[PDB]
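# Examination of the molecular architecture
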Amino acid sequence: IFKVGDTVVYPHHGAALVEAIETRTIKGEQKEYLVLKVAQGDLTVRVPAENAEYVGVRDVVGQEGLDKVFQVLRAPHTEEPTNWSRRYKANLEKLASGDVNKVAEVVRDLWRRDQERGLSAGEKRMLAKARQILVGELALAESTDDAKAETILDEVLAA
Amino acid sequence: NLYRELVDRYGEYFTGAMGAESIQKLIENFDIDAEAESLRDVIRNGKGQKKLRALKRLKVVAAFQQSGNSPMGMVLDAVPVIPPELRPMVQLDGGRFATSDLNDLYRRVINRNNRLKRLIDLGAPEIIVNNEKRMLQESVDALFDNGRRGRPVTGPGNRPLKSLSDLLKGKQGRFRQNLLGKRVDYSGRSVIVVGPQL
Amino acid sequence: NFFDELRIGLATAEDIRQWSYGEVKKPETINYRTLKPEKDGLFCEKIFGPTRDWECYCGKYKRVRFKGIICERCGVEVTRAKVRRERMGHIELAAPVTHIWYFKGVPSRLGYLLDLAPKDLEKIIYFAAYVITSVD
Amino acid sequence: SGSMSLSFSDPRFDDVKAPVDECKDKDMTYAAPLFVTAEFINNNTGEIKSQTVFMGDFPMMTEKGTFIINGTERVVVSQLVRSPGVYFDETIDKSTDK
Amino acid sequence: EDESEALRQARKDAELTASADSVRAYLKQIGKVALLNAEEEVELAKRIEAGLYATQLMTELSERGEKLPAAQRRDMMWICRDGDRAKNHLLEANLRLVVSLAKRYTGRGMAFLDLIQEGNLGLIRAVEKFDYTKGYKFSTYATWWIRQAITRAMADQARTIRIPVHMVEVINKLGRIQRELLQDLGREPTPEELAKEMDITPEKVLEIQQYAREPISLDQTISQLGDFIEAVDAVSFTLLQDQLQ
Amino acid sequence: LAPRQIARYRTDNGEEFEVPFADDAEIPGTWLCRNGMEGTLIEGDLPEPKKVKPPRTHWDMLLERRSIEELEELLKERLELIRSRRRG
Amino acid sequence: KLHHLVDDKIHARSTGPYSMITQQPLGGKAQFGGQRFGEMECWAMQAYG
Amino acid sequence: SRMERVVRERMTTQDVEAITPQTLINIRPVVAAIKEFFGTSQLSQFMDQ
DNA sequence: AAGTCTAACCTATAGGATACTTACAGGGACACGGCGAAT
RNA sequence: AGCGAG
DNA sequence: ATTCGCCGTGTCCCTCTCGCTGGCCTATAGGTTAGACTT
Ligand SMILES: [Zn+2]
């Protein structure tokens, strides 16, 4: 699944690091829990290797995904009605899904609508959080000075 | 359910009611003189614990009968509001307003009253209006006398809020604290020592 | 001082509205910022009286010469600040309510007068059973 | 449901934030941050979530046995209570002297 | 043991008790009533709208209208009564749900039963404006309206000091942000953090905090506080008027 | 004191009512008395109160979200159902 | 030397702060306050005539 | 115990796999108790010295 | 300086649609109610 | 909550 | 089964005075209100 020190994408948390796979003989079987660490508060997760793919253990997308999401965020004309509830729930679901393209589409939409008027309080926090995770995975895929990563993200997003 | 059967079959020619309004209607359609005469007759021909109960109830009713005070004043349609300065609202410390407890009780009565008025106006099933009337009843009870019925309405800290009655009972009430003994000006105190040359 | 008698007695609703100088409607005590009692609230000046001597809500009246006059826009009678200590309010109940003392105090004077019993009275008044006002 | 569980372990205490005299002067409450290992476990699939959670500023007994709250000095007085248990008490009833 | 009879006679005898707890009492007032079926609720709403249209048609034709037939009049009056009883039954079915969602704001501000009745009012408004043309669950639409009503009533009746609804909104917003900021950082957030968070000058947070303050009952103990709450000038003014004399 | 008089009204339940003002003022058309509801003069002016239409009513709520034709259809359906119930 | 020194005990009042619910004088050395002429004292005065 | 009550209430509202021990834990009960115990209690007596 | 004349701000009302159905001492005294003989 | 006089 | 006479049990108001110290989210119409020029 992964060796020691690999980089892993575990949504909705995003980037994480694996250190080992301790096989906890609990339940009479050595549960190959891949010990994993995150960056938010150094939380530790023990994911069974038997169902690692089920819980969402995966890798950062290659540059093909990067160019695909570049095209996705370049695309205008994403419409929306007057209300707020529809987009709020939609972006909640698509951010909880641990996807790269849809998070980019929703963050682009929210960026442009904020730049137009300025919406609310908590949606600014969600915009920030989405931008942070996108920058983190971009730096992870490119290893490109995450401050530089967010600067270039802003540059391409502004277009 | 039996009440519903009785009314929906023979609602006419007999009147039923619930709550304080029912009691007020009952008092209205009642002659004090008839009850007093009946009590006089029973004591004239009664005996035993029946006699004692007759004597007690005769006292209660004859209190109204002998005097000009009718009992209709027992059921309240309007409730009075003690003036504001007996019900303080003053800022203190860091300008933090610090009212008394009567404001909460009066506010609860007002809240129940406004909600009840609206509800009747809109038109709701008898269940909810009965519930609101019950709320108003227990709130007026707490206002007039907290702890006397139901549960002691407790403000923050689970402390029973002072009601208008509470300002009478016990030491802290008005009578024993600020009428039969009051602090006085032109006064002082100090420790004492023997003054034998005096 | 000319005192001779304290004839306490039951106060009918008519007397309650007779005392009242107004009628508090809403449960509003004091404004959030200007720290002024509301209108038709539990402290409203028009009901009880001016919180400041020789003033009114809108404040167009401040001199003492026109004492005993109630303003137009805000309708506050120009009197002493201490008159609030005496003037009394009242509230109109949508539905009648029973005085707690006579109902619950042992022996229940209401029950004895109406020949009813304490638990029975508790049931009828607090909306737990029905009672027949009359029948022909 | 029981499909998930939460647990705690390893209560650890950090060094005192400010020295006793300092807290007594500047109104600070002489205390130590309290940290505990919180573990959230999913039973339906099997997961662990280990964290070092901050559980407040636990006041700390000074060397002289007095707490310092808001600069002021306070003492927690030992209380006396009736031990939980079983109590057999005998009483003589005057109705029949038994 | 179901039809053990005795076992149900005990239940019936237990149903006829005094009971003084109002929250328990209302728990049993809705106790007698049951739940509802979505499609049944659709038909209920249909009957409600039909009876409503019937009564308004009566009111419109009441002026310079027509002498309606006895059968037609009877049937339309019956439809109107059926609609009223239908909405009563619908509300009776929904009391359980509104109680179940109103139990989540207890322990604060006002009485739980008070929350219940304000939620009941919100429920009446929800049925007042319920649209079943798409045919979705009534409860999901309702929750928004009941929560709206109870939040309104909480805001209007929370404190002895009346504050506008906008201020209730900014205050509970301030409290929520304060709580989560403490949860994340663990240090008391400075007022400037909130000032920049909402994009305001360094005063709004102070005013909002001062408004958020709860009054302290003069009744207290340690003895109530009311006792300990506070002739040169009066004598002086009389003397000065005389001095002018 | 200042030249002062008393303005006259009457509340709806008969009781003739009265509140003081100064002579130099407009004796207003309307006043909320001590009894607790609005009243007007028996003197002239008659400012034609002209009450506003109610805030809201259940019918208009159904109006902005429904029309006449489908409600007519529901009414007819109920009518024929009840007709079958009574006579068949 | 016990901590009951007179300088913390002595007190007089001639006109000081008054409460607001009732206009009686306050009570306590921290304020001016008076001295509670309670009920037993009133019985003594009645007894003297 | 109040902590446990509030977190057990929380687990129903929060969706699984979208929660972290930070989210589960709201200190407000515990500290309040401590703050409410040391100040305003019958045993956390003001030091008399 | 109040009397206009000008230009904002603030708030009671209202409105949005997955799903979710039963909270949280002691003492004396009197009045409301068990146990037994009589008609 | 603690304390002084009886 | 009701009457009357006994017991029996449950629920409630009272037990000194006086000091001192400290401690959700908008959308909109109408009400309301800030500032400024003036003869
Ligand atoms: Zn005025």
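Residues numbered from 1 in each chain as written, not as in the entry; some residues may be left out. Chains lettered and ligands numbered in written order. Part of a larger assembly, values for the part shown. Heavy atoms only, no water. Residues with missing side-chain atoms left out of burial classes, pairs and counts.

Method information in the entry identifies cryo-EM as the source of the structure, with 3.6 Å recorded as the resolution.

For the rest of this paragraph, the subject is a positive patch on the surface. Judged by side-chain charge, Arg125 and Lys129 of chain A, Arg108, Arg147, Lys173, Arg176 and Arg179 of chain E together with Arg28 of chain H come together as a positively charged surface patch. Within the residue set of the positive patch, elements represented by two or more residues are α5 (122–142) of chain A together with α7 (165–185) of chain E. Here the element with the most residues in the positive patch is α7 of chain E; it accounts for three residues. Take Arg147 of chain E: it is sitting in helix α6 (residues 138–157). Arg147 of chain E gets classed as exposed once you look at its relative accessible area, which sits at 54%. (Patch = residues over 30% accessible without salt bridge, like charges linked within 9 Å, V, L, I, M, F, W, Y side chains within 5 Å. Areas by Shrake-Rupley, 256 points an atom, 1.4 Å probe, with all protein chains shown as cover. Salt bridge = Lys/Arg side-chain N within 4 Å of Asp/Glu carboxyl O. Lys, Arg positive; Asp, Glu negative; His and termini not counted. Charge placed at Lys NZ, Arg CZ, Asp CG, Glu CD. Helix = DSSP H or I, 4+ residues; strand = E, 2+ residues; numbered from the N terminus. Buried < 20%, exposed > 50% of the residue type's maximum accessible area, 1.4 Å probe, protein only.)

Attention shifts here to the sheet that holds strand β2 (residues 31–42) of chain D. Strand order in this open sheet of seven strands is β1(A)-β2(A)-β3(A)-β4(A)-β3(D)-β2(D)-β1(D), and the pairing throughout is antiparallel. Each edge of the open sheet carries a strand with a single partner, namely β1 (7–10) of chain A together with β1 (4–13) of chain D. For this sheet the average axis-to-axis angle between neighbouring strands, irrespective of direction, equals 35°. Note that β2 of chain D and strand β3 (residues 47–59) of chain D share eleven bridges and pair antiparallel. Bridge pairing links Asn42 of chain D to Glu47 of chain D in β3 of chain D. (Pairing = 2+ DSSP bridges. Axes fitted to C-alpha atoms, helices over the stretch in contact; angles between N-to-C directions.)

Next up on the list: the environment of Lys53 of chain F. Residues and elements named next belong to chain F. Residue position: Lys53 is located in the loop between β4 (38–40) and α1 (58–65). For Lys53, a relative accessible area of 55% corresponds to the exposed category. Taking the C-alpha atoms as reference points, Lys53 and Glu73, 20 residues apart in sequence, are found 30 Å from one another.

Every contact between the two is made by 68 residues of chain B and, on the other side, 60 residues of chain C. Taking both partners together, chain B and chain C bury about 6,300 Å²; carbon and sulfur atoms supply 71% of that area. Applying the counting criterion to the chain B and chain C interface returns two salt bridges. A salt bridge links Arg149 of chain B to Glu122 of chain C; the shortest N-O distance between them is 2.9 Å. At the boundary of chain B and chain C, one finds 22 residue pairs in polar contact. Those elements giving two or more residues to the side of chain B that touches chain C turn out to be α1 (2–10), β1 (14–17), α2 (19–28), α4 (49–66), β2 (75–81), β3 (89–92), α5 (102–122) and α6 (126–144) of chain B. Ranked by the residues each element gives to the side of chain B that touches chain C, the list is headed by α5 of chain B, at eleven residues. (Contact = heavy atoms within 4.5 Å. Buried area = accessible area lost by both parts, 1.4 Å probe. Polar contact = N/O pair within 3.5 Å; in protein donor to acceptor, adjacent residues only side chain to side chain.)

Looking now at the coordination of the zinc ion. Coordination angles at a metal have ideal targets, namely 109.5 degrees for four tetrahedral donors and 90 or 180 degrees for six octahedral donors. Residues and elements named next belong to chain C. Here the zinc ion is held by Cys56 (SG), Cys58 (SG), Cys71 (SG) and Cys74 (SG), and the distances to it run 2.2 to 2.4 Å. One can describe the donor arrangement at the zinc ion as tetrahedral, given that its four donor atoms subtend angles of 109 to 110° at the metal. For the zinc ion, all donor residues lie on one chain, and their spacing in sequence is C-x1-C-x12-C-x2-C. In this pair, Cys58 sits in the loop between α1 (13–19) and β1 (89–98) while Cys74 sits in the loop between α1 and β1, placing the two residues 16 residues apart along the sequence. On the accessibility criterion, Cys74 (6% relative accessible area) is buried. (Donors = N, O, S within 2.8 Å, 3.2 Å for Na, K, Ca; no water. Tetrahedral: all angles 85-135°; square planar, octahedral: opposite > 155°, others 65-115°.)

To continue, consider a nonpolar patch on the surface. On the surface, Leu168, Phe175, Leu179 and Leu180 of chain B together with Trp101 of chain C cluster together to form a nonpolar patch covering roughly 490 Å² of accessible area. You can see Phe175 of chain B is positioned in helix α7 (residues 174–179).

Taken together, the contact pairs twelve residues of chain A with seven residues of chain D. When chain A packs against chain D, the two sides together hide about 800 Å² of surface, and 52% of this comes from carbon and sulfur. Of all residues in chain A, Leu43, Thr44 and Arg46 of chain A give up the largest surface area on contact with chain D, accounting jointly for 46% of the area buried on that side. On inspection of chain A and its partner chain D, the count reaches zero salt bridges. Our enumeration of links across chain A and chain D arrives at one residue pair in polar contact. For the side of chain A that touches chain D, the secondary-structure elements that each account for two or more residues are β4 (44–48) and α1 (52–55) of chain A. Tallying contributions element by element places β4 of chain A first for the side of chain A that touches chain D, with four residues. Here β4 of chain A pairs with β3 of chain D via two bridges, running antiparallel. Directly across from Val45 of chain A, in β3 of chain D, lies its bridge partner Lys49 of chain D.

Another aspect to go through is the protein's contact with DNA strand K. As a matter of local geometry, DNA strand K sits amid 29 residues, with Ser120 of chain A, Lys171 and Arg183 of chain B together with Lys29 and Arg36 of chain G nearest to it. Restricting the count to atoms of DNA strand K within 4 Å of the protein gives a sugar and phosphate share of 69%. Residue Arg74 of chain D places a side-chain N or O atom 2.8 Å away from a sugar or linking oxygen belonging to DNA strand K. For DNA strand K, a phosphate oxygen lies 2.5 Å from a polar atom in the side chain of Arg36 of chain G. (Near = heavy atom within 4 Å.)

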